[PDB]
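Residue numbers (the deposited numbering), protein chains in the order written: chain E, 38 to 72, 84 to 284; chain F, 139 to 194; chain f, 2 to 110; chain O, 5 to 203; chain C, 313 to 363.
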RNA sequence: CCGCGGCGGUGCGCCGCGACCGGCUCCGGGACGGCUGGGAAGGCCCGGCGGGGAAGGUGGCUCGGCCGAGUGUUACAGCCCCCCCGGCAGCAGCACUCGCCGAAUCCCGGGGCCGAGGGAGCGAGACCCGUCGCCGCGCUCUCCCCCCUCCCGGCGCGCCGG
RNA sequence: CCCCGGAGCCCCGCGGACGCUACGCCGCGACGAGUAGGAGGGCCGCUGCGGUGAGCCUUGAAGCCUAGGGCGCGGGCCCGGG
RNA sequence: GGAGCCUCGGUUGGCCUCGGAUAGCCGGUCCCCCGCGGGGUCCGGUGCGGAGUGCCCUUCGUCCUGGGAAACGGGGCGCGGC
Ligand SMILES: [Mg+2]
Ligand SMILES: [Mg+2]
Ligand SMILES: [Mg+2]
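In structure tokens, the structure reads:
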């Protein structure tokens with residue numbers, strides 16, 4: 038199961054050729070000179097008197113609807129989200145600083161930790177400083193400030209992934225009708241694993257941030273546009 | 139003259155016009171030259187069997 | 002704790018002299034006056050934000066009297082840093098010469 | 005949130021043009037010292053031009069007909085009114101933002117007031133060209149209150165000269181203060197000139 | 313059939329004219345080759361300036 | 001009933017993302033051709049040959065402290081310029097953007113916008129589905145080796161064995 | 001080198017739509033100003049007749065009115081309430 | 001101090017010389033004149049204006065404790081007089 042014997046030159050253009058590839062792959066020397085009725089297909093079981101019984105796995109249906117929709121047309125190149133390729137603004141590098149633009153943690157400043165599987169950012173404005181925990185964000189609702197901490201050698205937990213940072217509650221039936229059922233439940237509880245994860249990560253960062261003078265105080269502060277200062281003019 | 143602009147096209151011009159806006163007349167139906175099977179079917183009796191031949 | 006949106010005035014609709022094409026707002030973004038200063042603002046979310054008699058809902062909030070019409074700055078309109086917008090509904094005309102908020106948050110920065 | 009523009013040294017229509025668009029974009033504007041607005045073209049030229057405008061009246065009942073305002077403030081208002089769609093609701097709303105004054109009265113006599121340099125005489129005219137003060141013009145066409153407006157402005161300039169002297173006095177002490185303190189603001193003052201002020 | 317524009321859509325170009333592949337394989341390589349050779353001139357000019 | 005397993009149509013209401021294609025409008029990079037086989041330029045300097053403005057000059061006068069500044073004349077070169085012979089690699093339509101025309105002599109990457117509009121499965125003991133053309137490749141049914149090393153296994157973070 | 005009452009199917013000539021009111025259904029192109037005027041189609045509309053709806057109707061017909069719900073490009077139409 | 005219809009716009013402030021433009025701004029006067037200032041001369045600084053609206057002022061998380069530099073500043077819609 039060898040890798041790709043020609044590399045990529047451009048998306049869709051291999052470096053080599055047809056002819057170089059014939060020689061590389063060596064098509065010379067790799068020449069392959071090669072010149084129901086009664087028996088039931090897929091049923092079968094056991095059983096007592098009379099003899100054995102022939103069942104039928106996947107038995108034809110007990111209701112047809114009166115009309116139903118008729119197929120589609122194959123359509124070529126339409127991958128599900130999981131199989132997508134993930135981008136990242138070059139500005140956003142690990143241990144950089146963001147300004148989170150949208151949520152409740154709005155205008156708050158933050159440190160960027162990693163791009164998760166999803167394509168979301170993982171983020172921490174060390175809970176301690178900012179009041180921003182280990183948290184997902186989107187590239188698109190974040191301003192990649194030109195300010196970096198050196199975060200190279202911090203072992204972020206392998207177990208913290210997209211799958212963990214994912215909302216949890218609510219199933220279907222229960223009592224339902226009346227003045228009850230899951231309008232209560234009430235609170236997302238923080239849990240202890242979550243608190244342990246934070247504790248571990250922050251300690252590795254937290255010394256690193258402090259080394260930079262005033263940086264903690266910067267990371268405490270909140271961003272906002274005052275008079276006379278225009279996004280397009282200033283830099284971050 | 140005062141109804142047209144005209145002159146001597148480049149090589150690139152003949153390509154860009156043919157590839158981007160090359161439409162056959164095929165049973166009097168303007169049809170886009172999506173494959174050479176179209177060009178050939180019509181012009182193949184002249185030795186013209188592909189977009190490239192057409193351009194030449 | 003402060004303002005996370007750049008100010009802009011609703012100039013009026015994209016229009017010829019004598020045919021206004023109501024489906025496209027024009028937006029005089031504050032502090033920008035060159036078809037040059039305005040590549041920042043292309044494709045940013047923007048809100049006509051206004052309040053009305055009856056109460057409404059509110060995302061992550063209790064029922065309010067404020068309402069908004071969301072839109073998007075599409076392209077730069079003529080030399081002096083006006084900008085075209087397009088809104089999920091057309092803007093009211095009541096709106097002329099009033100604030101609309103151009104956000105930061107489809108950022109490419 | 006409000007423009008105050010010292011109409012002195014500006015050009016009548018040139019300023020009015022710029023004011024109109026500000027006013028149409030919801031900007032509340034105030035235009036002050038309107039008698040000081042000055043109009044290109046030699047004096048006599050413009051007097052006749054006004055006197056013509058006076059002649060325009062509704063023959064059968066002048067009481068209806070085009071009301072020729074004398075005061076420089078109202079004149080300037082008239083010319084700004086000529087660049088808005090003032091028959092519309094939005095046009096009428098626009099003018100309601102604009103606020104014009106002969107001389108400079110009490111809210112704005114202690115406000116810093118801007119200057120539109122694109123309407124300014126020193127820039128927009130050749131120096132050998134002639135022009136008219138809209139005051140003189142207003143005076144001769146019947147404006148009653150030139151002298152009053154002059155006598156009130158001499159007070160204001162005297163009142164202001166005092167303020168400036170005290171302002172200067174603070175500035176001077178502040179220049180002294182920094183020098184008194186410049187070893188215990190030294191590693192602040194250094195950082196405010198790495199990122200490029202104080203130079 | 314939808315007309316995919318050959319000049320943007322590589323594989324449509326190839327469908328209509330397969331010799332494109334080679335023509336474009338050349339003129340990536342060719343341009344890289346020459347770009348390298350420009351850096352090499354520039355390095356020799358800097359070395360000549362240092363000498 | 002729990003499986004939200006497999007397929008099919010759906011979303012109560014308001015939202016957002018993602019990647020793919022179409023049509024646009026921009027941005028940034030690079031690589032080439034042709035010319036008066038570009039014109040000017042730069043850099044190194046050497047040997048000559050004249051002509052001009054006008055000079056470290058001189059001179060009348062003036063203005064300042066022999067020196068500096070301002071006019072005026074004959075004009076060599078000790079400020080330059082110009083022509084003519086003869087010769088060097090650094091040029092290159094040159095980021096020292098001084099003046100073009102282009103691209104089988106042309107490619108790469110990026111951003112904003114609008115749009116998705118169609119539906120080659122209605123079998124009774126064996127798919128509720130692929131896919132046509134094109135790209136190549138990639139792989140394998142051929143052996144080799146090298147490297148890195150993710151999982152796992154072993155040995156001392158280092159080394160050895162998908 | 002064998003038979004589809006079974007090759008398992010991208011093509012199948014052994015039998016054939018979910019589709020086929022053949023005045024139906026489906027696909028590709030192109031095009032679309034209009035007086036006078038002409039022609040076509042109107043499951044547009046009015047009143048009466050032969051047929052036909054085992055139609056509807058005092059458990060409420062026709063008409064009338066309706067800031068009720070919809071359909072149709074439109075002529076118009078259908079439902080809710082009074 | 002409490003509720004409760006309605007109408008909306010807003011989403012840091014700027015508390016000021018006069019003016020000139022083939023000129024201005026600031027200092028300081030050793031010296032002189034006028035009513036701490038005003039006017040003068042002289043000198044010293046700036047002048048594509050940094051005593052700059054290309055500007056200035058203001059900060060934008062809350063608290064805890066326990067050091068340093070800075071330190072008598074702030075408040076009680078604190079209270080009376082000029
Ligand atoms: Mg017609
Ligand atoms: Mg007719
Ligand atoms: Mg509000």
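Ideal placement from N, C-alpha and C gives every residue a C-beta, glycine not left out.
- Of all alpha-carbon atoms in O/63, O/59, O/56, O/11, the one lying nearest the alpha-carbon of residue 81 of chain O is that of O/11.
- In the structure shown, the three-state DSSP call for residue 46 of chain E is strand.
- With a beta-carbon spacing of about 4 Å, residue 147 of chain O and residue 74 of chain O fall inside the 8 Å limit used to define contacts.
- Note on the region 187-269 of chain E: whole beta strand (DSSP E) runs with a minimum of 3 residues are 190-196, in chain order.
- Residue 30 of chain f places its beta carbon 8 Å or farther from that of residue 49 of chain f.
- Within chain F, the residues placing a beta-carbon under 8 Å from that of residue 329 of chain C are 188, 189, 190, ordered along the chain.
- Bounds of any beta strand (DSSP E) do not take in residue 5 of chain O, whose DSSP letter is neither H nor E.
- The region 56-72 of chain O and the region 94-102 of chain f do not touch, with fewer than 3 CB-CB distances between them shorter than 8 Å.
- Around the CB of residue 108 of chain f, 16 or more other CB atoms lie within 10 Å, so the residue is classed as buried.
- The criterion of a C-beta distance shorter than 8 Å is not satisfied by residue 190 of chain E and residue 161 of chain E.
- When secondary structure is reduced to three states using DSSP, residue 180 of chain E falls in the strand class.
- Of the candidates f/6, f/44, f/82, f/10, f/82 places its Cα closest to the Cα of residue 34 of chain f.
- Within the region 28-39 of chain O, contact with chain f at the beta-carbon level (separation under 7 Å) is assigned to 28, 29, 30.
- Check the Cα spacing between residue 332 of chain C and each of E/59, E/54, E/58: the tightest is with E/54.
- Taking 7 Å as the cut-off, the C-beta of residue 67 of chain f counts as close to a heavy atom of ligand 3.
- Spatial neighbours of residue 184 of chain E in its own chain (CB-CB distance under 8 Å, excluding positions within 5 residues in sequence) are listed in chain order as 164, 166, 168, 169, 170, 171, 210, 213.
- Annotation: Cβ neighbours of residue 97 of chain f in chain O (cutoff 8 Å, chain order): 94.
- Here the alpha carbon of residue 178 of chain F sits roughly 38 Å from the alpha carbon of residue 66 of chain E.
- Apart from sequence neighbours up to five positions away, the residues of its chain that approach residue 121 of chain O with a beta-carbon distance below 8 Å are 127, ordered along the chain.
- When rounded, the separation of the alpha-carbon atoms in residue 274 of chain E and residue 26 of chain f is 26 Å.
- For residue 29 of chain f, the residues of chain O that pass the 7 Å Cβ criterion are 29, in the order they occur in the chain.
- Residue 7 of chain f reaches chain E at 273, 278, 279, counting residues in chain order whose Cβ is nearer than 7 Å.
- Legend: CB atoms of the region 167-180 of chain F lying less than 7 Å from CB atoms of chain C belong to residues 170, 172, 173, 174.
- Residue range 56-62 is occupied by the alpha helix (DSSP H) that includes residue 62 of chain E.
- Under the three-state reduction of DSSP, residue 187 of chain O is assigned to coil, being neither helix nor strand.
- Judged by DSSP in its simplified three-state form, residue 92 of chain O adopts coil rather than helix or strand.
- Sorting O/44, O/182, O/7 by C-alpha distance to the C-alpha of residue 124 of chain O places O/44 at the top.
- Judged by their CB atoms, residue 208 of chain E and residue 267 of chain E are not nearer to each other than the 8 Å cut-off.
- A residue is called buried once 16 or more other Cβ atoms fall within 10 Å of its Cβ, and residue 102 of chain E, having fewer, is exposed.
- Only exposed fits residue 130 of chain E, as fewer than 16 other CB atoms lie within 10 angstroms of its CB.
- The CB of residue 158 of chain F comes closer than 7 Å to the CB of 317, 319 in chain C, given here in chain order.
- Ranked by Cα distance from residue 22 of chain O, the options O/142, O/85, O/39 are led by O/85.
- Taking a Cβ-Cβ threshold of 9 Å, none of the residues of chain E is close to residue 88 of chain f; the smallest such distance is about 20 Å.
- Residue pairing by DSSP leaves residue 64 of chain O without any beta bridge partner.
- Fewer than three Cβ pairs drawn from the region 68-79 of chain f and the region 113-120 of chain E lie within less than 8 Å of each other, which leaves the two stretches out of contact.
- Separation of residue 269 of chain E and residue 35 of chain O (C-alpha to C-alpha, rounded to the nearest whole angstrom) is 41 Å.
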